[PDB]
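Student: Chains as they are written, first to last, in the deposited numbering: chain A, 187 to 289; chain B, 135 to 700; chain C, 393 to 443; chain D, 496 to 546; chain E, 434 to 687. Every residue, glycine too, gets a C-beta built ideally from N, C-alpha and C. Can you read through this structure? Questions will come right after.
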Amino acid sequence: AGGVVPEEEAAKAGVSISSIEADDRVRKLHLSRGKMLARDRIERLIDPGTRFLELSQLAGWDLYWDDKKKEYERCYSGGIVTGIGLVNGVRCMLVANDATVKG
Amino acid sequence: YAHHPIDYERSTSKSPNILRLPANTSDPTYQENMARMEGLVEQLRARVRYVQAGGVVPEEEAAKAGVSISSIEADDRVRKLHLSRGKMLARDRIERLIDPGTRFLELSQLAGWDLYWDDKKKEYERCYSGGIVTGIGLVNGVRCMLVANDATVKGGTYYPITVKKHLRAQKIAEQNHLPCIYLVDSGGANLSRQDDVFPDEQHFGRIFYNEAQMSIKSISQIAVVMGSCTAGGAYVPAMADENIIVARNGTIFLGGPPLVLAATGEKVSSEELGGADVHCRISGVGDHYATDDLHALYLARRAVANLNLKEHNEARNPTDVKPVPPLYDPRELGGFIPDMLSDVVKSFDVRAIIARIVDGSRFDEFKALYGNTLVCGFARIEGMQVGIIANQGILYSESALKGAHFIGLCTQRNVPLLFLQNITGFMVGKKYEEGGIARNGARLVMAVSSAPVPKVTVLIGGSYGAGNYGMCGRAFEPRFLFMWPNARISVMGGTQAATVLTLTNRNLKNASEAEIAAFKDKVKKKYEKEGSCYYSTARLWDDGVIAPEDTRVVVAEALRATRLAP
Amino acid sequence: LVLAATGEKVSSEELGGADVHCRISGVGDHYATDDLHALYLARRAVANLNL
Amino acid sequence: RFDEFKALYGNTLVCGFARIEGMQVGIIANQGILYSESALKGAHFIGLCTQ
Amino acid sequence: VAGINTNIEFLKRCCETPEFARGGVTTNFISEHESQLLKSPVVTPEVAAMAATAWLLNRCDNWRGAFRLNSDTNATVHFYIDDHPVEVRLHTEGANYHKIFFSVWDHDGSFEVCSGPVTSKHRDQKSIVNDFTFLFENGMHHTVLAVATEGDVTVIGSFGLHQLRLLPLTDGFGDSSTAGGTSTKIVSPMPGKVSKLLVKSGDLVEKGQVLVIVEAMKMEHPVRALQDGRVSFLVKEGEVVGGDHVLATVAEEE
Ligand SMILES: O=CCCCC[C@@H]1SC[C@@H]2NC(=O)N[C@@H]21
């Protein structure tokens with residue numbers, strides 16, 4: 187749920203404060219289109235009661251330094267989410283392209 | 135949007151889109167079709183009975199079969215004389231040989247139906263069968279090919295239809311690695327059509343070729359010698375892992391009892407000339423010497439037992455399975471089939487047939503909006519995943535592309551294929567020809583022939599012309615073929631050939647009515663004189679003939695037959 | 393891209409998007425009306441692999 | 496139990512199948528003075544067993 | 434009894450509150466006290482917790498062997514109680530399948546649950562009948578024999594019997610087309626010669642019947658359109674039509 191943390195108490199993470207409203211606006215606009223903006227496609231796809239791995243996570247954490255000195259590119263993930271999934275009794279690799287196209 | 139399941143429910147429910155819900159309403163149209171079908175099966179199901187116990191039908195009410203009246207008394211006399219000898223004149227050897235409670239197929243039946251025309255104009259040669267009976271049999275937990283030589287020697291032992299049946303059985307067994315059992319009773323050779331049966335290729339020598347190529351691949355074969363096998367027929371007892379010679383009437387000869395006369399004619403007893411010689415002779419010929427028919431059959435079964443194939447078959451085909459029936463009644467299969475002899479092609483459907491045959495009445499459609507002519511997708515047939523190609527309409531380039539793509543996937547994942555043949559349906563439009571339709575047809579046929587997947591075809595109806603090359607055909611190695619009664623196999627055009635060949639044949643402009651009487655009616659007679667009943671099976675073209683209602687059982691027999699394969 | 397090079401602009405559907413009108417193109421195996429339908433067909437295709 | 500091959504012929508030598516604690520076995524047991532035919536029968540049995 | 438609703442609750446209500454223990458009841462005695470009767474216990478938010486849990490476990494390994502990364506599990510059940518959908522959410526904290534929580538109708542708590550032997554692997558119409566134990570944090574404990582199916586979850590215990598209907602979510606999953614279908618429908622090829630149309634104009638066509646049959650060199654080639662909605666004919670039988678003509682407009686019923 188990158189960039190939308192309603193608790194606003196994420197001081198345990200040294201992550202800088204980001205414009206939550208912009209991300210929520212983008213997600214609302216995207217979900218109004220009729221497509222699920224989340225990793226939801228994955229846990230809908232995998233059989234219930236089964237396992238998952240999330241192979242690579244926190245990918246592209248604060249990687250690129252923007253023109254703004256205090257700002258990094260907001261790549262909450264690598265743009266995709268990857269994990270090993272068991273579908274219909276079959277083990278499979280799951281790669282999902284996130285809808286983050288801002289960068 | 136207010137919809138958040140986990141795929142099941144949407145799945146694993148009695149409401150998945152995968153299934154099919156074509157429910158008929160039994161209207162006149164249905165009746166016209168359903169009734170005809172009934173009119174197309176009764177005798178099919180009947181002639182079988184007549185050739186069974188051939189020529190002896192005590193009911194004498196076999197008018198439902200168009201078979202001519204035959205001298206029942208002569209056949210009964212022959213059977214009485216033969217059974218007095220001590221050997222069972224019937225297919226009885228088979229159902230004695232196969233385990234009770236098991237299945238059977240009868241691969242080729244009605245073989246040599248009214249094939250040869252005799253000197254008598256109104257008389258045909260009375261070959262009720264091809265001279266043999268062939269079917270897949272399960273013996274002692276082992277699946278085997280059963281070939282039995284019938285005791286009909288009145289016309290002669292083997293014909294161009296008999297050796298072809300034997301060779302088809304041998305090729306099927308070698309492809310599927312099912313051991314063979316031959317029940318041998320012969321009158322020698324046929325010295326009338328000998329040029330047609332002895333020399334050349336694909337003849338009586340290829341039987342001997344196959345009985346050695348099999349033992350190279352270590353596929354053990356067994357033969358039982360119930361009566362004489364002369365004229366090159368004595369090599370099968372010699373070329374055999376196990377052979378059985380009955381104590382009294384089992385005889386094997388390389389030279390006939392008349393042959394010793396006129397060449398050192400010191401005639402002696404037929405026993406000493408090569409028959410069953412139970413006196414501890416020097417010859418170590420023939421493994422088993424059995425005092426009775428039951429004893430011989432029992433020893434055949436006992437030898438079949440010690441092959442170690444029981445474990446392999448039991449592992450490969452699960453013996454204990456739960457049958458899953460389709461959602462709709464299989465009696466309705468005759469209804470969706472249209473009528474016959476209709477000037478213009480009638481309408482037809484496929485969804486209903488597949489929904490009636492498959493397990494759970496379900497299907498897995500590929501692209502159906504595109505190339506709406508041809509149908510391809512996965513299925514389930516009694517616990518086994520299957521691919522079906524069923525044809526509906528006039529083929530396009532895109533239909534050929536879709537077929538090639540489906541066959542590619544099926545070969546990739548090792549999925550068997552089923553074929554349901556239909557019309558040729560190649561468009562002749564100039565734009566279509568300019569669009570490289572020939573290239574796409576080649577694309578399809580290349581994939582069809584190149585596929586190493588086991589392949590079975592069954593005729594739905596109207597398989598005429600070169601269109602079958604697109605789907606499948608006998609010349610493309612289908613490990614089995616079966617047919618429905620309403621089948622016509624003909625030239626590239628069933629109805630149009632009439633119109634086209636009317637124009638270009640030495641016709642004057644005038645006398646139009648007499649000409650169409652002499653041209654169109656004649657070519658119609660030619661192109662529907664062939665049919666399912668005569669031109670096929672009787673000549674071992676598409677050897678199997680079945681009923682439309684019991685198709686799934688037959689196809690399941692076929693698939694279990696093709697999983698012992700390497 | 394069509395503009396500035398024969399810029400006869402037409403609808404984004406006709407430019408290559410989901411064209412459910414039985415077009416000549418045999419591109420794309422499954423045409424699903426909803427997200428759940430598409431995910432369900434993906435699962436169904438995954439099923440028929442024999443793994 | 497036993498599964499005799501040809502015993503009337505080459506009555507000297509004995510060959511056939513059997514069962515030993517759940518496993519199928521072939522036995523060659525010798526009885527008398529060997530002949531040519533006994534050797535032929537032995538060769539045939541060994542051929543089947545290897546096959 | 435589980436499986437069909439009964440009037441057993443009514444009879445008990447007829448016996449407790451009505452002061453007919455005195456022994457004087459008239460022929461019309463039932464008529465006046467109809468307001469008092471026809472009353473059943475209120476489904477407490479706890480009842481949903483045991484009922485919801487049983488449907489998962491009595492169907493699969495939900496919450497069994499489950500595992501995620503640096504997070505915690507979550508699984509939800511939707512109940513269609515009365516005419517109002519009900520959502521219940523269950524999740525775990527720690528490495529414990531045992532420690533479980535719940536939040537229904539904005540009420541939260543904790544409990545532990547210990548199941549029994551697994552039965553009815555075939556999960557047929559009868560589905561699975563198993564006993565359950567639930568230790569809620571407050572301190573109580575409960576035993577519940579739950580025969581759960583896709584249609585409903587039935588829980589029987591000291592509370593009584595209650596069947597909770599699961600929110601139905603089915604609607605021709607696949608064939609969900611709202612396309613207008615304005616023009617260019619069941620178009621016929623060049624030869625035309627339409628005849629023998631067997632569909633009435635302005636009648637719903639969801640199943641793919643033969644809307645129009647056109648003949649091209651003895652090619653009936655029925656179109657068999659499956660677009661839902663009534664079909665409106667702009668042609669008549671025996672009329673030769675051009676290639677790709679608008680024979681009919683298959684539009685959503687408006
Ligand atoms: O719509 C008009 C085209 C008709 C095509 C008829 C096909 S083309 C090949 C095959 N041979 C015939 O006689 N008819 C069919």
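(1) Find out if the Cβ-Cβ distance for the pair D421 of chain B, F500 of chain D is shorter than 8 Å.
(2) Nearest-angstrom Cα distance between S242 of chain B and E143 of chain B?
(3) Under DSSP, the alpha helix (DSSP H) around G537 of chain B begins and ends at which residues?
(4) Is it true that the CB of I561 of chain E sits closer than 8 Å to the CB of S553 of chain E?
(5) Contact between the segment 354-368 of chain B and the segment 311-326 of chain B is defined here as three or more beta-carbon pairs at a separation below 8 Å; is this criterion met?
(6) Is it the case that the Cβ atoms of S531 of chain B and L508 of chain B are separated by a distance below 8 Å?
(7) Mind checking whether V480 of chain E and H595 of chain E have CB atoms under 8 Å apart?
(8) Could you say which of B:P472, B:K256, B:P391 and B:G265 lies nearest to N167 of chain B if we only look at CA atoms?
(9) Could you tell me which whole alpha helix (DSSP H) segments of length 4 or greater appear in the segment 200-242 of chain B?
(10) With a threshold of 7 Å (Cβ to nearest heavy atom), would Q555 of chain B be considered close to ligand 1?
(11) If you reduce the DSSP assignment to three classes, tell me which class residue 701 of chain B lands in.
(12) Would you report the Cα separation of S670 of chain B and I680 of chain B, rounded to the nearest angstrom?
(13) Compute the minimum distance between the beta carbon of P588 of chain B and the heavy atoms of ligand 2, and state whether it is under 7 Å.
(14) Helix, strand or coil: how does DSSP classify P192 of chain B here?
(15) Just to confirm, does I623 of chain B get its C-beta within under 7 Å of one of the non-hydrogen atoms of ligand 1?
(16) Drop a sphere of 10 angstroms on the beta-carbon of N620 of chain B, count the other beta-carbons inside from all chains shown, and report buried for 16 or more, exposed for fewer.
(17) Quick test of your reading: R435 of chain B and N274 of chain B, contact by CB under 8 Å. State the CB separation rounded to the nearest angstrom.
(18) Counting Cβ pairs closer than 8 Å, one from the segment 667-687 of chain E and one from the segment 616-635 of chain E, do we hit at least three?
(19) Measuring from the CB of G604 of chain B, is there a heavy atom of ligand 1 at a distance below 7 Å?
(20) Let me see if you follow: with CB-CB separation under 8 Å, is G200 of chain A close to chain E or not?
(21) Closer than 8 Å, Cβ to Cβ, to anything on chain A: give me those residues from the segment 516-539 of chain E, in chain order.
(22) Between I571 of chain B and chain C, is there a C-beta pair that is closer than 8 Å?
(23) Looking at chain A, is there any beta carbon in it that lies within less than 8 Å of the beta carbon of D209 of chain B?
(24) Can you pull the chain C residues whose beta carbon is under 8 Å from the beta carbon of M222 of chain A, in chain order?
(25) With a threshold of 16 other CB atoms inside 10 Å of the CB of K536 of chain D, please say whether the residue is buried or exposed.
(26) Just to confirm my understanding: we take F569 of chain E, look at its own chain, exclude 5 residues before and 5 after, and list those with CB closer than 6 Å. What are they?
(27) For the alpha helix (DSSP H) containing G469 of chain B, list its first residue and its last residue.
(28) Based on DSSP bridge pairs, tell me the residues matched to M605 of chain B.
(29) Taking only beta carbons into account, state which residues of the segment 146-158 of chain B come closer than 9 Å to chain C, listed in chain order.
(30) So is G418 of chain B in contact with chain D if we call contact Cβ pairs under 8 Å?
(31) Are there 16 or more other CB atoms within 10 angstroms of the CB of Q555 of chain B, so buried, or fewer, so exposed?
(32) Would you mind telling me which residues of chain A sit closer than 8 Å to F500 of chain E, beta carbon to beta carbon, in chain order?
(33) Of all the options B:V380, B:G384 and B:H300, which has the alpha carbon lying nearest to the alpha carbon of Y343 of chain B?
(34) Hey, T603 of chain E and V679 of chain E are a contact pair by Cβ (cut 8 Å); roughly how many whole angstroms apart?
(35) Residues of the segment 364-377 of chain B with a CB closer than 8 Å to any CB of chain D: list them in chain order, please.
(36) Between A585 of chain B and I541 of chain B, is the Cβ-Cβ spacing less than 8 Å?
Tutor: On the basis of the coordinates in this document:
(1) Start at 1 with the first residue of the second sequence, and residue 421 of chain B comes out as number 287. Start at 1 with the first residue of the fourth sequence, and residue 500 of chain D comes out as number 5. In this structure, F500 of chain D lies closer than 8 Å to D421 of chain B by Cβ.
(2) For the purposes of this step, residue 242 of chain B is identified with residue 108 of the second sequence, where counting begins at 1. For the purposes of this step, residue 143 of chain B is identified with residue 9 of the second sequence, where counting begins at 1. Looking at the two C-alpha atoms, the distance is approximately 46 Å.
(3) What you label residue 537 of chain B is simply residue 403 of the second sequence in a count that begins at 1. From DSSP, the alpha helix (DSSP H) with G537 of chain B extends over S531 to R547.
(4) In the fifth sequence, residue 553 of chain E corresponds to position 120, counting from 1. In the fifth sequence, residue 561 of chain E corresponds to position 128, counting from 1. A contact, by the Cβ cut-off of 8 Å.
(5) yes
(6) For the purposes of this step, residue 531 of chain B is identified with residue 397 of the second sequence, where counting begins at 1. For the purposes of this step, residue 508 of chain B is identified with residue 374 of the second sequence, where counting begins at 1. Their beta carbons are not under 8 Å apart, which means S531 of chain B does not touch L508 of chain B by this criterion.
(7) As a working note, residue 480 of chain E is residue 47 in the fifth sequence. As a working note, residue 595 of chain E is residue 162 in the fifth sequence. In this structure, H595 of chain E lies closer than 8 Å to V480 of chain E by Cβ.
(8) Residue mapping note: residue 167 of chain B aligns to position 33 of the second sequence, counting from 1. Per the Cα distances, B:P472.
(9) Listed in chain order, the complete alpha helix (DSSP H) runs (minimum 4 residues) inside the segment 200-242 of chain B are 206-218 and 226-231.
(10) Against the second sequence, residue 555 of chain B aligns to sequence position 421. It does not: the Cβ of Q555 of chain B is nowhere closer than 7 Å to a heavy atom of ligand 1.
(11) Shown here, chain B extends from 135 to 700; a query on residue 701 of chain B therefore has no answer.
(12) Taking the second sequence and counting its residues from 1, one reaches residue 670 of chain B at position 536. Taking the second sequence and counting its residues from 1, one reaches residue 680 of chain B at position 546. Looking at the two C-alpha atoms, the distance is approximately 12 Å.
(13) Summarising the ligand content, the structure contains ligand 1 and does not contain ligand 2.
(14) For this step, residue 192 of chain B is matched to residue 58 along the second sequence. Here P192 of chain B sits in coil by DSSP.
(15) On the second sequence, position 489 is the one that residue 623 of chain B refers to. Distances between the C-beta of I623 of chain B and the heavy atoms of ligand 1 are all 7 Å or more.
(16) Within the second sequence, numbered from 1, the residue matching residue 620 of chain B stands at position 486. In this structure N620 of chain B is buried. Its beta-carbon is surrounded by 16 or more other beta-carbon atoms within 10 angstroms.
(17) The residue you call residue 435 of chain B lines up with position 301 of the second sequence. The residue you call residue 274 of chain B lines up with position 140 of the second sequence. About 6 Å; that satisfies the 8 Å criterion.
(18) yes
(19) Translated into positions along the second sequence, residue 604 of chain B becomes position 470. The answer is no for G604 of chain B.
(20) Locating residue 200 of chain A in the first sequence gives position 14, where the first residue counts as 1. Output row for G200 of chain A: interface = no.
(21) none
(22) If you number the second sequence from 1, residue 571 of chain B lands on position 437. Chain C contact via Cβ: absent.
(23) Here residue 209 of chain B refers to the residue found at position 75 of the second sequence. With 8 Å as the cut-off, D209 of chain B does not count as an interface residue toward chain A.
(24) Residue 222 of chain A sits at position 36 when you count from the first residue of the first sequence. Going along chain C in sequence order, the residues near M222 of chain A (Cβ under 8 Å) are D427.
(25) As a working note, residue 536 of chain D is residue 41 in the fourth sequence. Only buried fits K536 of chain D, as 16 or more other CB atoms lie within 10 angstroms of its CB.
(26) Working through the fifth sequence from its first residue, we reach residue 569 of chain E at position 136. Within the same chain, Cβ atoms closer than 6 Å to the Cβ of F569 of chain E are found at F544, the five residues on either side in sequence being excluded.
(27) Counted from its first residue, the second sequence places residue 469 of chain B at position 335. Looking at the DSSP string, the run of the alpha helix (DSSP H) that includes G469 of chain B is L467 to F470.
(28) Counting from one through the second sequence, the residue named residue 605 of chain B turns up at place 471. For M605 of chain B, which the question treats as bridged, DSSP gives no partner whatsoever.
(29) Of all residues in the segment 146-158 of chain B, those with a C-beta nearer than 9 Å to a C-beta of chain C are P150, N151 and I152, reading in chain order.
(30) Looking up residue 418 of chain B in the second sequence gives position 284. So yes, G418 of chain B belongs to the interface.
(31) The residue given as residue 555 of chain B occupies position 421 in the second sequence. By the 10 Å Cβ count, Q555 of chain B comes out buried.
(32) Mapped onto the fifth sequence, residue 500 of chain E falls at position 67. Under the 8 Å cutoff, chain A gives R237 and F238.
(33) The residue given as residue 343 of chain B occupies position 209 in the second sequence. Selected option, being the one with the closest Cα: B:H300.
(34) Here residue 603 of chain E corresponds to residue number 170 of the fifth sequence, with the count starting at 1. Here residue 679 of chain E corresponds to residue number 246 of the fifth sequence, with the count starting at 1. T603 of chain E to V679 of chain E, Cβ: 35 Å. No contact.
(35) With the criterion set as a beta carbon lying under 8 Å from some beta carbon of chain D, the members of the segment 364-377 of chain B are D375, in sequence order.
(36) As a working note, residue 585 of chain B is residue 451 in the second sequence. As a working note, residue 541 of chain B is residue 407 in the second sequence. The answer is yes: Cβ separation under 8 Å.
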